[PDB]
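Taking the form deposited in one PDB entry, here's one chain by itself in structure tokens.
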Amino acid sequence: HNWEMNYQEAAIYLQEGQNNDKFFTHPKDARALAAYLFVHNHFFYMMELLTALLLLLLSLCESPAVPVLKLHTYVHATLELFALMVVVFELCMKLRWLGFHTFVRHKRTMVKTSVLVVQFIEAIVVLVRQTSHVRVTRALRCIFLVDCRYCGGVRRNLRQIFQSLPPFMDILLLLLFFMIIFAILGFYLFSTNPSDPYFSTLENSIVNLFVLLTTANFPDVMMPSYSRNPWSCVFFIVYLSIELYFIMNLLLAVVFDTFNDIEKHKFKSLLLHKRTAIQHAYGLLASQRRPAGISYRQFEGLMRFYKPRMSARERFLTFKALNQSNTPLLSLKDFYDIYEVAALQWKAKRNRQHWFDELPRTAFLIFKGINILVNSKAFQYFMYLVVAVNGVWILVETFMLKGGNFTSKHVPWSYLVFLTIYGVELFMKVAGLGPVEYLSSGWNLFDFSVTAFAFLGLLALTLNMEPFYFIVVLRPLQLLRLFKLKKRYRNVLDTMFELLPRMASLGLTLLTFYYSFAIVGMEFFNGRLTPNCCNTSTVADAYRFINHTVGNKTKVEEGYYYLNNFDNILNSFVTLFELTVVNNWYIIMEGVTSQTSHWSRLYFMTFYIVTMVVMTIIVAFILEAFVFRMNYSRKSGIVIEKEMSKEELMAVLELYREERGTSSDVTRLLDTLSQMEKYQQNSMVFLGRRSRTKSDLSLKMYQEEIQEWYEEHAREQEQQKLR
């Protein structure tokens, strides 16, 4: 009962190194062991995520409501109380695992408890008083989704944005200084003209030069001055040159470069925190004998507690992939690579087909015939020729019918001809190659998806479900097969499906900024923007709704900007998307400040600066990884190839018979005894594979400075171990 506890403890060191969890709270007794095992399941993590996500989606039914998803007050009050009681349960369990003095000194959980208390109080107050009072405190509910376990990549990306901020504030102050001094000069220089609303007072000049900084009103702010004297253009050319190009691009460059340094040091601390965890494990399950290493028995002991649900054959394969020195041990120089070998799935190599050992003759020659045709290199060039003729046919047919062919109910017979060609090619390729060897490649999956989508649209249209005619409209997506002919598109699309979870983990951070601004925007600008209001401002042309009664036609004209409300969480989300895309944001701004005070100008200006810093950091960081991996693809997942013999299995099998483990492991090794006998051979070659994570790109980016990190790390450990 000793070595199994060493195995459990060493697997805890590896999980605790993976999840970036501090080594002071490593469990020693059985009480802290059971608490650690109670918290770190996948049930508890999914309970955190479902509770937090239900709370954010509970904001969809509260007091500014989508009118069909509206509940009464006591219903969503008690749902809010129930979800907060689940959060109390989770903080009690983490308080059970960690100590009290470790719990209090961790700042994120303490802020989470204070937000928990305030949300609990106003939930009870809304439950008693029967009416929702203000509810601005909802905007702090992003901390329940950030502080979970699956959203670590969101939490770190927010923290590094707020840590990139002190170089931003300095040059921002340099920006606002020149903006004010050109507002003073502009007020003196252009206010005597009675024919402009722009430079009339001081706040009109300061607001209009802040909007001109975003270039949202550039010709319109210059024209009443440019009509009087044509030398008034010098003011705006000098202003845009100094302020926009030089200073604002200097601002974004400085913020992004401190963001890269902060990420580089965060990745450094993550590698070094993994490395000490491996060193504690090797300290725990070494031999302490005349050889210094790890035997196969202890490595079996790691893999039966770290990464369970794993075959004994796969376990032996990972051991031989870690050996690398051909002695029956593991040194630290070869045990420093657990995380990148224990994460790969092992497959055998079989050269037979999946339709030949089952059927007899005279269809055996058929499936041989289809395999020869589908792997002939003339069938491929023929199919590219079919795609090219299809595209030229579509283009000439749009020049014939003047683009009017995309409105009729009548399916062209040419569409039926090409759909039969891609269909027959789909059956011949999926049968002559095998459906396992068909869904392997991504392009075959794309062609199957598009062609089966077009059969669905064709069948639904002959079923007279006319809203499914847009599938018939999307014909030229079949021309997207033609892009694998060029090399650079293969690089772009492979990198696009490699960097996809990282892009989702950054879009979620941008959605957190939208969520807090949308809740403040709902509770203060709820019922202001109506049709045909704001007629005392300069934006009366845009909030208008005029009927006419010529004939019996009741033709209406309207300016449509009364639809950018803050009535719901959904109308406010599409409004904040219209403010991220920078154009015409001053119209929504000055409509709201026509109805409310001027401090709502302060709202929209703050949202502009926040969304611009966040958007440049997200786009630049993703595209730096994107360009690096394309150029690396022109410098040259990963595939390892190892093998075993039957002589290397005689040592393995009697150990499982002697130690008396489970039964499925033993019978698995009996099955590979049979598979060695059927082919009449001893040495059998296996094949390992795993998909690229973001840490592999981060190792290839910073490759020239990693050994320096490990040397400085070992020196720091010698400072602690000499003391």
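Only the largest set of C-alpha atoms that superpose within 1.5 Å between the two forms is called the rigid core. Residue numbers run from 1 along the displayed sequence.
Counting the deposited residues that fall between residue 326 and residue 327 and carry no coordinates gives zero.
What follows is about the form deposited in another entry, which we do not show.
With the core held fixed by superposition, the comparison between this form and the one not shown singles out 287 as the only member of 287, 195, 229, 114 whose CA moves by at least 2 angstroms.
Annotation: Cα of residue 349 displaced by at least 2 Å between this form and the one not shown, core superposition. Core-superposed comparison between this form and the one not shown: the Cα of residue 659 travels 2 Å or more.
Core-aligned CA deviation for residue 437 between this form and the one not shown: 2 Å or greater.
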